[PDB]
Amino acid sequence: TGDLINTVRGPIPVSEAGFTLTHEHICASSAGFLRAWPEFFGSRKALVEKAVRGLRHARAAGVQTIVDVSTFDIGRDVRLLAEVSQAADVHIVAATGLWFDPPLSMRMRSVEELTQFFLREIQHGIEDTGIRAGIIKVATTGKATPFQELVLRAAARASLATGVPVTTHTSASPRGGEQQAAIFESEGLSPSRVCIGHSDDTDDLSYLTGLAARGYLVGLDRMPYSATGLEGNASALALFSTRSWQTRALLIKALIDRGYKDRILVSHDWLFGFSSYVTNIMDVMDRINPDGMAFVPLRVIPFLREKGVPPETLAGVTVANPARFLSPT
């Protein structure tokens, strides 16, 4: 009690976040795209309706909060997030930071300038809305580019200044998490403020326990991205692993069994619109995972319980860990 987090609807007590999905998207797009071309998604109204239906389904399954890690360059539309949050009665935490599609006006900026931008979005508000980011999302695409290194440093500095956590996108080994951690540590950022994301890309437990032992949160955040029979579909195959979702879920158990229950964050990296990829990709995705953001509570959590993971441990992973992570510290 007492700790607060900023959501798209305003401040909430940390203790009310409850079952929280820490890496999700309402819509994965590009800066300005939803405003310029809403008909790409059918209409803005259709997108809202789809997202509200999806979040109500997650809510029915026990999800109380999602962290939308869409940055500026993922085309984050905080007004969209606020509308969907209100209609679905699910809290949404918005993000600042930069992903791997920064436009020239971002790419030309110094570390100091990027720090100011991230701070604006956390402390002042996003655009002219007054809605404040509650997380900082960064990305590397293998070895960090010089610009990506600036982004990571600016993220660390904004975090140090505000207490807001940092969360990352990694490629599937590199293993890019290690270089991210090195940069963060060089800036004096506490590992407990950082989630190294997409860490379920591989089953490298030495890598994962290595990060966890140092205090990092490990984001096992692509839980539903498993499918069979996609070989005649190149674009879909790129998204969905042959590894059964059961295999991804077993990684959660593997980390728990090794003593790292407090260092795990679980999510889907799901979405309700996706313009930064091939046209009609949603059709494929929704057929594979019709449960959307309810997949984790409906399938992953019961599977773990049925494998003998204690209910208290599962609550710790899905409630306590996100609360500790999101609490400005």
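Residue indices: 1-based, along the sequence shown.
Annotation for 256-264 versus 58-66: the higher mean temperature factor (C-alpha) is found in 256-264. A summary of the deposited B-factors shows that, of 228-236 and 146-154, the stretch with the larger mean C-alpha value is 228-236.
Among 103, 177, 75, 97, the highest C-alpha B-factor recorded in the PDB entry belongs to 177. Highest C-alpha temperature factor among 116, 209, 167, 159 per the entry: 209. Sorting the modelled residues of the chain by their CA temperature factor places residue 290 in the highest third. Ranked by C-alpha B-factor against the other modelled residues of its chain, residue 29 falls in the lowest third. When the modelled residues of the chain are ordered by C-alpha B-factor, residue 123 sits in the middle third. In the PDB entry, a CA B factor belonging to the lowest third of its chain's modelled residues is recorded for residue 21.
Sorting the modelled residues of the chain by their CA temperature factor places residue 317 in the lowest third.
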